[PDB]
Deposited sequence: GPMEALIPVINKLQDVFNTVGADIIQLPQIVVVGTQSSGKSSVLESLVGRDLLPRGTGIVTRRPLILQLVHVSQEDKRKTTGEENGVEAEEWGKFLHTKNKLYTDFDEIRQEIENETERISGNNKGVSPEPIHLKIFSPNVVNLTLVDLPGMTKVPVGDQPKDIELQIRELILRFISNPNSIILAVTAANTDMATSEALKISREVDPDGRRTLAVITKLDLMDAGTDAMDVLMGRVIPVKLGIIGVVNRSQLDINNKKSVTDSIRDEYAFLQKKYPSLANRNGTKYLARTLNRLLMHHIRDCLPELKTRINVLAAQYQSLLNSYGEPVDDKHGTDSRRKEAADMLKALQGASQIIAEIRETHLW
């Protein structure tokens, strides 16, 4: 997938965490928000690079999906041969086929939310284990709506908006504020709600989907150049698979190639600052910023243990081994701080 760049950094972090006995730095959760059917689940899944999320026409995401990417060491290892999933609700059952994972999200949605468009705030908890992912939580959410349909109650719009607010009010989260290109940016429910929890725009990244669907005679040039609504962290256009493409089993590889071709053709001056890879790179930078901000905490925590193991040295092999391990940890911190992603 497009978010492998941080793997060597988080491997070094894991070395430190193993010594310190605590996973002290937690990456922000990445939470996708926007109007129903704006292309949200497609964006989130593009960060995985594997097809595992129900996507489609009408209301689709009907429970929060807390999707925990879990990096797997070479020791705990087993391409479809190396990756697997576990759901909390299916206890210890292992999933190898990502199509079956997708179906189970749908299964578990139907069980709690019903089969006539109902929505539930109860999250589905999913872990995806892989040697090729970082430790990162992605959150898929129901999209904002206006008029109740199916089983939905009269106050469904507010139920959904309050549910979104609970996830993005988390200070340690990054909001992917999704708006479809075939709507006016000023009508963006994603940017409105993001500004309520993040008024200064320190953790909101604007994603513009469906660039391919814009009316003839129009384009998103002004939008993508920040000439409509400025958004500090970035405004990034993407092109994901159409419903036709989904129906035709179009691959992720072909989706990305066509997105590249599309941007080269219609937005040549802006192409290198747009697309799915650029969204990933932008996100990596935000995640690395969080890591760097937290290094002093980590360093201090090493010193706490270093002084403590040095003390009962003043269980003796235990102490000498740990001090060396903690000296190793201290060197690692400096290496991480000084890492810059290509």
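Missing from the model, relative to the deposited sequence, are the stretches 79-86, 323-336.
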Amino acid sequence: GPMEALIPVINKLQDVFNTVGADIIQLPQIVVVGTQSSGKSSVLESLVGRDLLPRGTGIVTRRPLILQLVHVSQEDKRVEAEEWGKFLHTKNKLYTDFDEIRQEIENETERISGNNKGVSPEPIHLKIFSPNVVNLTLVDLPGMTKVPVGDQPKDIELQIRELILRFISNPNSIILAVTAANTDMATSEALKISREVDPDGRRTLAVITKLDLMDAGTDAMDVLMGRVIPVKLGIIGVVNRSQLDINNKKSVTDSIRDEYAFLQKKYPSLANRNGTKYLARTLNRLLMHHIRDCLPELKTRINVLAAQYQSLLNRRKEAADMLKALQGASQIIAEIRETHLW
From here on, numbers count along this sequence of modelled residues.
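Between the stretches 89-97 and 235-243, it is 89-97 that shows the larger average CA temperature factor. As the entry records it, the average C-alpha temperature factor is higher for 100-108, out of 162-170 and 100-108. Within the group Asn115, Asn135, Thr204, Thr183, the record's highest C-alpha temperature factor is found at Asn115. Highest CA B-factor among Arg63, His289, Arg273, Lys317, as stated in the entry: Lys317. In this PDB entry, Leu295 carries a Cα temperature factor that places it within the middle third of its chain's modelled residues. Ranked within its chain, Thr145 lands in the lowest third, by CA B factor from the PDB record. When all modelled residues of the chain are sorted by CA temperature factor, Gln152 is found within the middle third. Remark: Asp212 belongs to the lowest third of its chain, ranked by C-alpha B-factor as recorded.
Sort the modelled residues of the chain by CA B factor and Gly39 lands in the lowest third.
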